[PDB]
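*Asks:* Just the first chains of my complex for now:
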Amino acid sequence: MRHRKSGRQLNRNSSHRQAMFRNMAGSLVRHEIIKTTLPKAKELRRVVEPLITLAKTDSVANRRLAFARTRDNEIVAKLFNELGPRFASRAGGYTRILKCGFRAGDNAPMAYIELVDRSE
Amino acid sequence: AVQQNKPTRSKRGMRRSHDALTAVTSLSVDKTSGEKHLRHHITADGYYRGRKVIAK
Amino acid sequence: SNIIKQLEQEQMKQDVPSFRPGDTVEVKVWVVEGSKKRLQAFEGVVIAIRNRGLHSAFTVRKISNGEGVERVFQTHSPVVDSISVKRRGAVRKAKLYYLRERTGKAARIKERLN
Amino acid sequence: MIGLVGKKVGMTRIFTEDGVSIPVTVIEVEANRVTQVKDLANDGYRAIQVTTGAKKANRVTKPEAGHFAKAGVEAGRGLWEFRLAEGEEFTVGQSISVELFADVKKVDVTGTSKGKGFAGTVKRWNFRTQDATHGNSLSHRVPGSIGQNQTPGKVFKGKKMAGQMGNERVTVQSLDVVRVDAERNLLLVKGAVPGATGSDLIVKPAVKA
Amino acid sequence: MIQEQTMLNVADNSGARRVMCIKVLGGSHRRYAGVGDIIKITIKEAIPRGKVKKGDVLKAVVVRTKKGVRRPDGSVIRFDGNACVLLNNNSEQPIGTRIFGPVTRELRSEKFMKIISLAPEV
């Protein structure tokens, strides 16, 4: 069934998905572009964009809610100072999914998820 | 649940009728380098839609 | 959902007294006795409020002569008339289902007044 | 009379002054524009071929684009066909709107059901399950036996087994129409119609009511 | 949903405390009982000198269900506690005189006219 049940299970625990998408969102912000499969890319897109949505307004309250998620100040410091200002006027897609190829090991369709505006 | 009589080569081939592989055969040349690749996939060095998207 | 919400508006009545759940409501419903529209009364503590626009409903628990009666009320219906509030209460939960087991002097609430 | 194609857009309630909550279903019906008038003297039967809805210029294909331009109409999202029941002449390009339903009081809907997947025998055919305990191993929701023994030797054709439930054409009959909207182009039928929100409905007057 | 083996309370002045529905009268394979359906019960507990006694089998009518009864507006009169009223086995004629525990308007159907008339509320 799963009629209108937008969320992807990823063959894992729910306690694993909260920590996989926490550490993978963390390495996307520390770096600027990472490499993973599409089904993780289409889903990381659902977690990292609500952070760039969040850090457009700095406050003590917004730092906490951005610290419950991602659980590390370095990502919180990378947010609110870099990304918030760097994606200010744009209202929408703060990241880009880009298909590349496959892995030698398990043949998984991969993609380079990237934050937009990286022509520095 | 085992089997009763041995199947033939005929039955072994008719079953592998639909196991036959299929190629892509219709690639796209990029606007910049023209290196052939898959539709909606980056090149070997980082070109995509006539643009170095790997930025490296 | 535009054509439904615009159709949802035509049935809904524009005077419904809003309230927080936990208030001691006094509601009046039209009960028809043969051919006489008698105008009943019903008191009790509001248990839950299900806000869905026209499909709204709220549950009222009345300790009657018997064990205890709970009635729900389709808010925007031509049966319900009064949504008069008697005692504004102060509860933390949004829906008070634990009042189906607390009884008497244990099932009493606190007036809000703030 | 004939019938009409409409879009199922949700369902709600319309209260009576007696407080009787009437569960209605809203059927968006713009206008069935008639493309072809099929004839007994041409084909072998009388019927009209209607369409409704909106298309895209890059999406309407060449074969049908002429078929719409033969009579001359804005292209709709596919065609349908209603058989005439008596001598009921029309013209091509005629627009049959909802006002035909201002008279009939028992209607009939017909639409693709809500697809329910590969449904097992318990869901599909209402087979009583076996015991969850008391020894039962690996047969908790199994259909059990599927035939007699050597005398048939086979399974009869038409056995209730596990397969495709839903995503199939269903006709729910004799719904009572409630209100027939002219301006808003609606149709309120009492109850529920097949298929999810937005799925098409072939609405016709009740034929055996 | 009052069905077989359901332990109802008693809501009249006859004597019993706990009854148990042993058959839902009305039809073949009939699953449960509802608003004002006639059922066959047995008495599991009584008051000492009362009219009925333990181990007797007579009819009853449900009055207050824990699942509650739906009114035609989509409202429910969900009570809290299953209860019934004992009847004569051979006629309508309720054996009680003091029907306690407020009943529903959905019983007003001329064969239970005595029930609503003796009832306290609703």
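*Replies:* Nice, I can see it. Numbering: from 1, shown residues only, chains lettered A, B, ... in the order given.
*Asks:* Please make it C-alpha for all contacts and neighbour counts, starting now.
*Replies:* Fine.
*Asks:* Let's check: the centremost residue of chain A is which one?
*Replies:* Of all residues in chain A, the one closest to the mean position by C-alpha atoms, centre = their mean is residue A:48, 2.9 Å from it.
*Asks:* tally of neighbours for the residue in chain A that chain C sits nearest to?
*Replies:* Going by C-alpha to the nearest C-alpha, chain C is nearest to residue A:4 of chain A, at 16.4 Å. The local packing of residue A:4 (other C-alpha atoms under 10 Å in any protein chain shown) involves 6 other residues.
*Asks:* Just the element for it, please.
*Replies:* Here residue A:4 sits in a region with no helix or strand, counting by DSSP states H and E.
*Asks:* just the helices in chain C please.
*Replies:* C:2-8 (DSSP state H).
*Asks:* For chain E, what's the nearest residue on it?
*Replies:* residue C:66 (4.0 Å).
*Asks:* Over to the closest residue to that residue other than its chain neighbours. Which of the three states is it?
*Replies:* Excluding its sequence neighbours, the residue lying closest to residue C:66 (C-alpha to C-alpha, 6 or more residues apart in numbering or on different chains) is residue E:101, at 4.0 Å. In three-state terms, and counting by DSSP: H, G, I helix; E, B strand; the rest coil, residue E:101 is coil.
*Asks:* roughly how far apart are the closest residue to residue D:196 other than its chain neighbours and residue D:137?
*Replies:* Of all residues not flanking residue D:196 in the chain, residue D:114 sits nearest, at 5.8 Å (C-alpha to C-alpha, 6+ apart). To residue D:137, residue D:114 is 34 Å away according to C-alpha to C-alpha, to the nearest Å.
*Asks:* Append RNA strand F to the structure above:
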RNA sequence: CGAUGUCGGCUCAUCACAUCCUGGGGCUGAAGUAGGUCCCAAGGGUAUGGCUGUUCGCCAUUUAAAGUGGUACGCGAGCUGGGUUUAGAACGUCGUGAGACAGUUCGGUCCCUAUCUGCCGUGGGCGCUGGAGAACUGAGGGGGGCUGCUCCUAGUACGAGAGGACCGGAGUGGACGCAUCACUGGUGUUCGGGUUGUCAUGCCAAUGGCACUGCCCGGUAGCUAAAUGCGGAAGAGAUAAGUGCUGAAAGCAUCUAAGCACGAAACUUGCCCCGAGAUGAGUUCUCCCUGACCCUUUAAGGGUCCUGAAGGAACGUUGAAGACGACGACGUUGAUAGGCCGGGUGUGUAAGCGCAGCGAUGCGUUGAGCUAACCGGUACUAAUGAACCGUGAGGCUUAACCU
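*Replies:* Let me add RNA strand F to what's already shown:
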């Protein structure tokens, strides 16, 4: 006997008619209601429990009725193992004894991923004669087919009373099936909140992890039922048992021999679904292609260059579609999905700070903060322009109209 596994129960059934109920009739020791009996009829329906391992049976309470059988007394490559025929033990009896018992009792391993046939669903190839895109007719087939009670007719007919209809027509239920979340509820480990233990975030504060989601209380969408709608039919044709008309053979009589008329839930339709692989491969509408040279045992032949159309497929973003294929929508000439914004719903008065208080904590800011797939908008991100397949007016014989 180089294996055919066994009673009962669960599950799933299916056919037969010597029919339990409903339907249509004859006869009656048939007044009426209710029955007895026989004939036609298999469309559908055809108990829940206490006791026994039991089928059966007895009993209690119903129901319109709780039919009789075939089907390895259907069903263990579907389940259970209670009973019974492995190994232990005891009692009664039999025997000197080992042991034995159509006597009994307590306990005691139920194996297998389906090649084929069959059946339930779903696709690929090719064919259908130029190809492609849509809409239907329709042979064949399947599903569905149950019924009570109350009321009106009328408390009339009938009956000394007691009692109490046929037929016809409304309303309200049970069982079963289809469909759907607007209502009432269920779940809702992607949402909010409370709290215990402990570790960590440098520490207070504030959070996160783990302990079945730690335990809980609620709850959006979706799914679904106990929830909410709907369904059986009416009518028609031809008939069964049966009832009559006219009417001879046989001056009469007589339903039958010629001819004619009524007559069942059965048969064929009417209702709904599948459906042109119905190779007897149908029909209608529309769209697209009307380029040049050689060889040849010169034939519906083969080859080359020039164009490769409609359309399809592939790929991509995905769907209330879905196991995989497939099917539907969309592909910037853009609303398909993600994001964002407004709204709604849910949870409930966040964080920080101020004040009161020794403190836990409360009040104020504030029905705020946070808000999952929900509703309506918006191209910010991704659906890149091409390429691949498919062609170039469509054979033979004959007839009928144009010329």
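*Asks:* The neighbour count of residue A:4 again, this time with RNA strand F added?
*Replies:* Counted with other C-alpha under 10 Å, residue A:4 comes out at 6.
*Asks:* which ones are touching residue A:47?
*Replies:* A:21, A:25 (C-alpha atoms under 8 Å, 6 or more residues apart in numbering or on different chains).
*Asks:* Which element, helix or strand, includes it?
*Replies:* helix A:38-54.
*Asks:* does any part of stretch E:55-70 sit near RNA strand F?
*Replies:* Yes. Legend: contact between stretch E:55-70 and RNA strand F by C-alpha under 7 Å from any atom of the strand is shown at E:57, E:70.
*Asks:* That stretch close to chain C?
*Replies:* No. Using C-alpha under 8 Å from any C-alpha of the partner chain, stretch E:55-70 stays clear of chain C, coming no nearer than 8.8 Å.
*Asks:* Go through the helix holding residue A:47 and flag the buried ones.
*Replies:* Residues A:38, A:40, A:41, A:44, A:45, A:47, A:48, A:49, A:51, A:52, A:53, A:54 are the ones in helix A:38-54 that count as buried (16 or more other C-alpha atoms under 10 Å in any protein chain shown).
*Asks:* The closest residue to residue D:136 other than its chain neighbours: neighbour count?
*Replies:* Spatial nearest neighbour of residue D:136, chain neighbours left out: residue D:130 (8.0 Å); criterion: C-alpha to C-alpha, 6+ apart. Using other C-alpha under 10 Å, the number of residues around residue D:130 comes to 13.
*Asks:* So residue D:130 is in contact with residue D:137, correct?
*Replies:* No. Between residue D:130 and residue D:137 there is no contact under C-alpha atoms under 8 Å: 10.2 Å.
*Asks:* tack on RNA strand G:
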RNA sequence: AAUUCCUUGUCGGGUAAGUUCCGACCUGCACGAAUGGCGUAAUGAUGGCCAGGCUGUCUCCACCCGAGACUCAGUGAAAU
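*Replies:* So that you can see how it sits with the rest, here is RNA strand G on the chains above:
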């Protein structure tokens, strides 16, 4: 009756209904006194039965979370 074939004996109690269960009568097919007879507090992963509680065992399942199943890449069996 771990014993009674007849037999579900008969009567009583428990239940709406009790081939089992408890008490009793005695026609003990075929109990019986150290192959011990009759009781017996406690004990028991013991046999039978009843009641309270409690719940998806059941009426009748519904949904959800994970591991296989299903698809793709690599390796690649078996009874027969």
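*Asks:* The neighbour count of residue A:4 again, this time with RNA strand G added?
*Replies:* Neighbourhood size, residue A:4 [other C-alpha under 10 Å]: 6.
*Asks:* Then residue E:84?
*Replies:* Look at residue E:84: counted by other C-alpha under 10 Å, it has 27 neighbours.
*Asks:* Leaving out the residues flanking it, which one is nearest to it?
*Replies:* Using C-alpha to C-alpha, 6+ apart, the closest residue to residue E:84 is residue E:62 (4.4 Å).
*Asks:* thinking again about what came up before, which residues are in contact with the residue nearest to the centre of chain A?
*Replies:* residue A:25.
*Asks:* just to revisit the earlier point, quick check: the residue nearest to residue E:84 is in a strand.
*Replies:* Yes. Assessed with three-state DSSP, residue E:62 lies in a strand.
*Asks:* Surely it and residue E:35 touch.
*Replies:* Yes. Applying C-alpha under 8 Å, one finds residue E:62 in contact with residue E:35, separated by 6.1 Å.
*Asks:* And the two? Which one has more around it.
*Replies:* Set residue E:62 next to residue E:35 and count neighbours by other C-alpha under 10 Å: residue E:62 wins out with 24 against 20.
*Asks:* Run through the residues that contact the more buried one.
*Replies:* Per C-alpha under 8 Å, 6+ apart, neighbours of residue E:62: E:33, E:34, E:35, E:36, E:37, E:38, E:39, E:82, E:83, E:84, E:85.
*Asks:* Inside strands: which ones of those?
*Replies:* E:38, E:39, E:83, E:84, E:85 (DSSP state E).
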